[PDB]
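Novice:
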Amino acid sequence: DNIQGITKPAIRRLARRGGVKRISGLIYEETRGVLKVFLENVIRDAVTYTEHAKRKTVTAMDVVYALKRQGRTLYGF
Amino acid sequence: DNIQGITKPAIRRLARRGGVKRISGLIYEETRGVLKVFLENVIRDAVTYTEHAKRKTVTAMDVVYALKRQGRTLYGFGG
Amino acid sequence: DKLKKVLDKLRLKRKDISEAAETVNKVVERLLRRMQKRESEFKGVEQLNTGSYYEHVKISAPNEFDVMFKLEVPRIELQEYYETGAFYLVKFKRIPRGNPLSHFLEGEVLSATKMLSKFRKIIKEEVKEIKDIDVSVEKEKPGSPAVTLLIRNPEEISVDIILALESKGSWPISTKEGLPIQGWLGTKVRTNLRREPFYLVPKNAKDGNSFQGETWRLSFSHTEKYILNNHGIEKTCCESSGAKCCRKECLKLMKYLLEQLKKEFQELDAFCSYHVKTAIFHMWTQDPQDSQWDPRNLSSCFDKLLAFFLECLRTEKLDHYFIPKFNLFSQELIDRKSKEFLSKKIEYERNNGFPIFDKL
Amino acid sequence: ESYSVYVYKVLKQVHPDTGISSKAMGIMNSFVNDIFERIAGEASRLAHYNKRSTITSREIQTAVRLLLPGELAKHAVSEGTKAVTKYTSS
Amino acid sequence: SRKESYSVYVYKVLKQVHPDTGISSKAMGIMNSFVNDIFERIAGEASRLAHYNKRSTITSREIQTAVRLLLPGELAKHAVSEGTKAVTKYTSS
Amino acid sequence: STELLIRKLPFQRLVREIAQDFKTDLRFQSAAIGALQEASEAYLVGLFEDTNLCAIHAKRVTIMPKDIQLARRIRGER
Amino acid sequence: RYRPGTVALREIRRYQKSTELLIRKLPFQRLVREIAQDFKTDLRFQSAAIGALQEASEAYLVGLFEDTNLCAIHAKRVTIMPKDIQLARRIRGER
Amino acid sequence: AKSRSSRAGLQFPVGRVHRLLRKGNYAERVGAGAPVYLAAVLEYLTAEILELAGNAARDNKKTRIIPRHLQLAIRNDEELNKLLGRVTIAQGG
Amino acid sequence: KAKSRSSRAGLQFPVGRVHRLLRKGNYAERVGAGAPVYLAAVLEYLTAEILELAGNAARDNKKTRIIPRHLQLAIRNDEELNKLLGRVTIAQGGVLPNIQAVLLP
DNA sequence: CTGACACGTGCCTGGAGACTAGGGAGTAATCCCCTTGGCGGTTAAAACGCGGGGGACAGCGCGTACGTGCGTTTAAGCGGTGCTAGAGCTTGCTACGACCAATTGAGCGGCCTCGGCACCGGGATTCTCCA
DNA sequence: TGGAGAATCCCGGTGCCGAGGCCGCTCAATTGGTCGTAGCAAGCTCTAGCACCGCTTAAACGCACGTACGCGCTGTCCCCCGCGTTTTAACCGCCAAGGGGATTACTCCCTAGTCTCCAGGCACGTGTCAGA
Ligand SMILES: [Zn+2]
Numbered sequence: 025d026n027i028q029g030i031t032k033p034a035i036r037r038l039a040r041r042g043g044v045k046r047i048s049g050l051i052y053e054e055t056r057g058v059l060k061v062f063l064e065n066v067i068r069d070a071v072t073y074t075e076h077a078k079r080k081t082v083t084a085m086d087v088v089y090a091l092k093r094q095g096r097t098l099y100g101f
Numbered sequence: 025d026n027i028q029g030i031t032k033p034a035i036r037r038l039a040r041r042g043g044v045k046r047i048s049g050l051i052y053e054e055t056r057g058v059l060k061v062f063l064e065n066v067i068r069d070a071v072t073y074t075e076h077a078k079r080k081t082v083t084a085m086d087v088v089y090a091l092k093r094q095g096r097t098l099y100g101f102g103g
Numbered sequence: 148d149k150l151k152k153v154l155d156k157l158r159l160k161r162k163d164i165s166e167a168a169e170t171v172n173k174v175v176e177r178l179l180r181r182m183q184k185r186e187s188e189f190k191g192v193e194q195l196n197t198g199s200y201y202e203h204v205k206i207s208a209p210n211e212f213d214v215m216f217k218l219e220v221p222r223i224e225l226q227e228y229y230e231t232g233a234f235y236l237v238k239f240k241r242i243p244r245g246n247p248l249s250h251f252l253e254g255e256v257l258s259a260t261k262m263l264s265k266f267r268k269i270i271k272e273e274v275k276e277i278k279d280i281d282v283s284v285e286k287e288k289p290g291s292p293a294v295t296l297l298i299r300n301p302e303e304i305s306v307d308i309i310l311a312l313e314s315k316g317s318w319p320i321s322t323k324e325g326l327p328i329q330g331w332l333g334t335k336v337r338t339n340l341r342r343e344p345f346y347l348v349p350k351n352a353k354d355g356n357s358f359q360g361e362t363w364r365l366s367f368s369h370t371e372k373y374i375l376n377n378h379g380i381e382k383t384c385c386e387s388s389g390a391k392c393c394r395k396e397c398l399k400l401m402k403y404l405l406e407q408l409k410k411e412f413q414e415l416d417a418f419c420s421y422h423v424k425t426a427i428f429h430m431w432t433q434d435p436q437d438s439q440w441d442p443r444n445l446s447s448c449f450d451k452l453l454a455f456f457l458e459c460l461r462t463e464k465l466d467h468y469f470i471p472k473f474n475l476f477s478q479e480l481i482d483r484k485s486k487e488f489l490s491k492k493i494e495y496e497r498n499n500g501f502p503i504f505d506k507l
Numbered sequence: 036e037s038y039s040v041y042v043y044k045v046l047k048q049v050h051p052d053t054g055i056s057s058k059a060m061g062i063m064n065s066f067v068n069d070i071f072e073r074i075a076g077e078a079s080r081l082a083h084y085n086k087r088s089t090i091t092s093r094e095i096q097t098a099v100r101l102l103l104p105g106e107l108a109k110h111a112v113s114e115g116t117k118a119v120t121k122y123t124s125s
Numbered sequence: 033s034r035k036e037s038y039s040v041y042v043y044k045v046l047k048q049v050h051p052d053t054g055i056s057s058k059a060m061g062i063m064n065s066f067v068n069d070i071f072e073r074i075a076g077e078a079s080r081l082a083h084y085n086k087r088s089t090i091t092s093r094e095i096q097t098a099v100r101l102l103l104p105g106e107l108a109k110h111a112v113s114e115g116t117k118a119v120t121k122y123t124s125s
Numbered sequence: 058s059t060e061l062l063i064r065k066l067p068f069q070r071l072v073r074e075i076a077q078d079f080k081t082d083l084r085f086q087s088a089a090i091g092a093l094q095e096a097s098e099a100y101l102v103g104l105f106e107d108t109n110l111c112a113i114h115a116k117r118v119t120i121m122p123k124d125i126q127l128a129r130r131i132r133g134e135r
Numbered sequence: 041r042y043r044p045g046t047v048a049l050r051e052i053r054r055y056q057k058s059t060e061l062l063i064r065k066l067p068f069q070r071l072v073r074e075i076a077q078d079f080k081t082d083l084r085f086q087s088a089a090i091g092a093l094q095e096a097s098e099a100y101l102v103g104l105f106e107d108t109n110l111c112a113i114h115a116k117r118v119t120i121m122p123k124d125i126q127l128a129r130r131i132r133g134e135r
Numbered sequence: 015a016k017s018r019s020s021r022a023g024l025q026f027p028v029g030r031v032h033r034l035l036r037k038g039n040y041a042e043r044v045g046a047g048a049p050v051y052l053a054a055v056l057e058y059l060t061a062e063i064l065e066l067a068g069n070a071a072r073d074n075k076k077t078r079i080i081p082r083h084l085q086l087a088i089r090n091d092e093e094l095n096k097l098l099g100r101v102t103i104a105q106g107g
Numbered sequence: 014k015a016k017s018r019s020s021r022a023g024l025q026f027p028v029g030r031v032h033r034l035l036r037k038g039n040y041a042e043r044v045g046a047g048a049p050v051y052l053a054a055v056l057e058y059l060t061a062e063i064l065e066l067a068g069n070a071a072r073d074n075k076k077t078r079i080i081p082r083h084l085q086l087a088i089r090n091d092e093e094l095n096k097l098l099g100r101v102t103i104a105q106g107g108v109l110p111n112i113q114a115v116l117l118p
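Protein chains in written order, with full-length UniProt numbering: chain A, 25 to 101; chain B, 25 to 103; chain C, 148 to 507; chain D, 36 to 125; chain E, 33 to 125; chain F, 58 to 135; chain G, 41 to 135; chain H, 15 to 107; chain I, 14 to 118.
#1: So is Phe412/C buried or exposed if we call it buried at 16+ other beta carbons inside 10 Å?
#2: From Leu218/C to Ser33/E, what does the alpha carbon distance come to, in whole angstroms?
#3: How many Å lie between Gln436/C and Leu453/C at the Cα?
#4: DSSP state of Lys238/C, grouped into three classes?
#5: Considering Cα atoms alone, identify which of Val49/E, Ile55/E and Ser79/E is closest to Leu84/I.
#6: Quick check on DSSP: helix, strand or coil for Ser207/C?
#7: Does the distance from the C-beta atom of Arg84/F to that of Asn26/A stay below 8 Å?
So, in structure tokens, the structure goes:
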């Protein structure tokens with residue numbers, strides 16, 4: 025019930041920015057799975073980077089490195 | 025020129041290895057423009073390495089390094 | 148002579164083996180079928196066509212039988228603890244989808260206690276399940292991992308089924324210099340035999356201290372059966388067109404000699420019937436297919452059999468055929484007194500015309 | 036440290052009347068760090084391939100040509116070469 | 033001159049698993065390339081870790097982090113358990 | 058224009074729930090979730106851009122749960 | 041006379057079970073040298089460099105066809121088409 | 015006295031670039047023209063992106079450059095779109 | 014005397030050569046004493062992991078040697094190795110024989 | 001209308017200016033190997049033709065599931081108060097890694113044998129296909 | 001199902017050339033020591049991460065509804081598939097030669113290292129107007 029916080033009006037707001045005009049009724053359960061899968065792979069690395077520094081917070085540059093490792097550079101942090 | 029040396033039976037053999045079961049007639053002239061776009065990129069770099077070593081020959085290591093730079097790693101030719 | 152008669156008596160023992168097969172094969176052919184669909188870890192366990200296969204190779208009691216249920220495993224890793232190839236303990240290598248046996252572990256080692264307990268539980272459930280075949284499971288003892296299942300019948304019969312992991316990977320590094328059948332069966336036969344799988348039977352050391360129940364010993368009984376059946380360097384020898392070579396017959400009569408000795412006298416309970424087979428397998432590579440494997444001169448066949456046996460007893464050395472650095476009978480495994488007595492017994496029964504074969 | 040002072044000087048001539056926010060400058064700094072770590076990390080491998088023990092301008096040049104695409108490379112090289120010809124000349 | 037390859041050690045490691053099995057000298061080129069590729073992946077990642085934390089020393093605790101965030105899934109668990117099994121066995125001697 | 062499209066508190070709760078599966082007791086900076094969200098939105102915008110074509114290709118206008126698995130099968134993620 | 045398609049499946053199980061190079065080597069060498077002539081003139085290739093380039097270029101095309109088969113099966117057909125290739129190359133970053 | 019940047023006729027720091035090259039674990043040594051060349055390359059790239067973004071803001075009538083303008087400038091130019099692809103930007107939208 | 018560093022650790026791969034490679038390559042200003050031992054152990058682990066599966070593929074083929082057709086069926090039939098070497102071409106390895114079930118008649 | 005950028009001084013910390021030692025990189029000279037070019041003969045593979053049948057494509061119609069709007073409800077967003085974990089820096093010392101000698105077994109190159117394996121030939125089998 | 005015609009699988013003999021074993025040797029790993037400074041250990045400041053709470057109200061939720069479009073069905077006709085005959089030019093062996101990669105020996109000049117003098121650049125604070 026915590027993933028469901030990615031409300032349908034939000035998936036539609038993203039799709040309308042991807043250029044979609046007409047959205048099926050089954051892709052919300054699919055976008056949610058895709059989003060969760062993407063977030064697991066970045067949070068796993070963010071935690072792996074924080075533990076190494078023996079820190080407790082998960083800093084922003086830690087997420088930047090975790091993303092960079094995926095091949096998705098991120099500017100502005 | 026020599027691009028036509030990439031025959032139709034050759035592309036059909038590649039397609040059969042890739043799983044394709046029936047092949048439109050315009051595929052071949054479409055594939056010859058894809059391969060020649062691939063090569064022109066792995067060579068332009070394989071020759072940038074070679075001109076850096078101050079060489080006249082294009083070694084296999086220039087090819088494998090230039091392939092790494094495209095994200096494709098080739099095993100079995102050194103490195 | 149006496150040898151041909153004892154061989155005919157072994158054929159009579161085959162008749163008794165048939166009498167037992169009548170019930171045991173009927174039991175298993177309908178008992179094993181519930182195992183596959185039971186949806187447990189022991190699902191897919193299939194009996195392996197090894198051992199006697201109705202023959203005399205089993206070397207078990209006249210009213211007793213034995214068979215083995217080969218359960219496959221993912222990526223068995225073998226480690227020999229404080230031993231020399233005689234005892235192995237299993238672990239696992241990386242397996243992408245977790246182990247099917249990820250809940251029989253004892254840390255990293257996979258132990259025979261938990262597996263055999265679950266095995267006996269499932270077997271008792273099945274025997275209580277089917278009513279057409281009159282089957283039971285006698286109580287368990289802690290001295291053997293055999294889950295015996297006594298069978299009711301007009302005359303009592305019993306059987307036991309031994310779990311045996313099956314591994315499809317390479318053979319253990321303790322067998323590299325083993326199975327020397329090159330000049331005898333050829334390097335082709337060997338290199339096509341060391342591709343088969345190998346089995347691990349659960350066996351307790353009963354001499355060590357650290358790990359007792361969590362130890363498995365290699366079993367190659369399938370390769371043993373291979374070499375017994377299609378022996379000879381001639382592809383037709385005992386396969387067609389007559390050509391009866393007597394080398395299995397000599398082994399049978401030697402095994403009968405050892406069994407009669409062990410029943411007659413007590414302390415020979417420390418040397419099983421397997422040592423005779425290892426002696427014969429080390430001897431067949433001593434002389435590949437000589438002219439002296441003919442039905443005549445068979446008394447010479449036994450002179451040489453004994454010769455080899457006594458030579459092994461006297462010098463305190465008989466390597467396991469497949470593991471060539473594992474003395475089956477040695478002081479540490481068996482102190483010298485009993486084997487000295489056995490050498491004396493072999494010497495005596497060599498003379499006086501083998502009195503052990505009068506009462507048979 | 037940050038390139039936030041040097042980027043501002045470049046802006047002051049490329050667009051003398053335009054300014055840049057804080058978050059745009061933040062990205063500007065990320066961009067320069069990324070480009071540096073790519074060109075230098077390519078020159079490092081160029082030197083290692085030829086069993087050399089020094090990064091020289093002739094390897095920054097080859098890294099530029101290998102990384103920048105098309106008419107960027109042809110310009111970058113030039114604006115590099117001029118600088119070296121200006122530097123070694125003093 | 034003299035070219036140094038891992039062929040000796042890859043052949044040593046192939047006689048532990050699968051005795052009586054050899055390599056075809058082009059598969060060995062495959063395996064030499066694989067070793068020099070994975071070595072470089074781990075070493076570059078560990079080298080980056082040591083630099084994010086303003087350190088100047090690659091230790092056994094950065095090789096472990098690199099093995100954790102490069103190898104996928106179960107490979108990362110078994111690979112570290114043999115890396116630490118060899119850093120204790122090495123100091124007790 | 059350029060502003061976020063998911064809601065911040067629901068996404069933060071999602072991030073913390075996913076993270077507690079790795080470290081038992083954890084805490085995040087304020088910018089370590091403004092970056093995780095800000096990158097996760099671009100990932101999905103791009104996935105929808107690439108899955109609109111896999112439906113145009115098939116002579117449709119309605120993207121379906123079957124041509125999101127194609128932009129992912131072809132991109133290596135699946 | 042085998043019905044159409046049967047000899048198309050017959051030789052997919054054949055060229056996937058093998059590892060031979062599926063282009064002719066001398067036409068490929070001529071192509072490689074003709075392309076490289078636009079970068080540097082009077083250039084020589086180790087016989088291993090061309091082997092590497094051909095083995096690297098055939099894997100690209102095999103994978104590209106593996107993607108375009110999906111892009112064709114998606115649109116409810118079996119015959120691949122240039123539009124199919126252009127989609128498979130666009131989902132990827134190639135165009 | 016004269017900074018190396020002034021001599022080279024640049025805006026980016028030649029000294030800091032040299033120091034970052036030396037301390038960065040790139041190669042054992044670092045020539046004297048690598049700092050100047052790399053500073054020139056970096057200055058060229060940043061000057062280009064700023065030239066583009068400043069007149070991409072001028073279209074919208076805003077006299078300041080924000081992540082949106084840099085995003086658009088990257089995504090329009092055919093050259094910087096391929097160099098700076100695979101890249102996300104904060105509030106680039 | 015003169016024990017090799019790779020024999021104490023129980024390894025087959027060269028701890029000394031690995032340490033020299035770490036030092037001569039530009040990875041860091043210093044390299045601990047447990048880094049070569051950890052990294053040689055990991056490299057030996059991965060090499061044995063690939064080589065055992067490759068050898069099983071060779072042996073079920075009824076062969077006595079490992080060819081690149083066997084280091085392809087070992088990397089591409091394993092969930093984790095396939096993902097570790099997903100952007101890698103094994104020369105003279107071929108492809109994995111899959112054909113979609115909608116093409117079968 | 002306010003907080004997000006612009007601009008100003010103290011200073012200290014990192015860069016500029018020498019100087020020297022030595023070792024990495026530039027040059028000249030030889031070696032040999034490995035890339036190119038030619039010759040000539042089977043002969044395997046590309047080219048070409050053509051009949052048809054199985055499939056791309058267009059058309060049509062129903063229906064069910066997607067979009068817009070409206071009344072209601074849930075909870076995100078801003079703020080304000082307040083405390084405690086823990087990020088970030090500092091100061092000791094110490095012990096671990098760099099470096100230099102001298103010794104020495106491991107690993108590379110060269111050499112040489114013969115066993116795995118690629119190929120052939122003729123069953124034997126086992127798909128496909130019209131029916 | 002029944003069976004004719006074809007591919008594909010397979011198994012007892014060639015024969016060649018590459019995997020692997022061995023030997024001399026050299027150079028790179030090892031042992032033993034010294035030194036110095038990176039990183040641990042402890043202690044402390046105080047930034048910023050969590051926590052609750054109350055009010056406003058933008059946004060999620062739910063329903064109605066009717067129209068756009070997804071999906072099956074049908075037809076038909078382009079255009080690939082399979083097979084056959086014929087052209088061609090790739091593959092192979094073989095030899096020659098010369099261009100170029102590789103190796104070795106001075107040698108010099110270019111980068112690292114060190115000491116010191118200090119101006120560029122960061123931080124803290126104040127003071128506005130672009131524009132959410
Ligand atoms: Zn016989």
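Ideal Cβ positions, reconstructed from N, Cα and C, are used throughout, including at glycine.
Specialist: Walking through what the data contain:
#1: Sixteen is the threshold: since fewer than 16 other Cβ atoms of the shown chains lie within 10 Å of the Cβ of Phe412/C, the residue is exposed.
#2: Here the C-alpha atom of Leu218/C lies approximately 54 Å from the C-alpha atom of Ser33/E.
#3: Rounded to the nearest whole angstrom, the CA to CA distance from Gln436/C to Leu453/C is 19 Å.
#4: Here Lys238/C carries a strand assignment [DSSP, helix/strand/coil].
#5: The residue with the shortest Cα to Cα distance from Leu84/I is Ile55/E.
#6: Looking at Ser207/C - three-state DSSP - the assignment turns out to be coil, as it is neither helix nor strand.
#7: No, they are not a contact pair.
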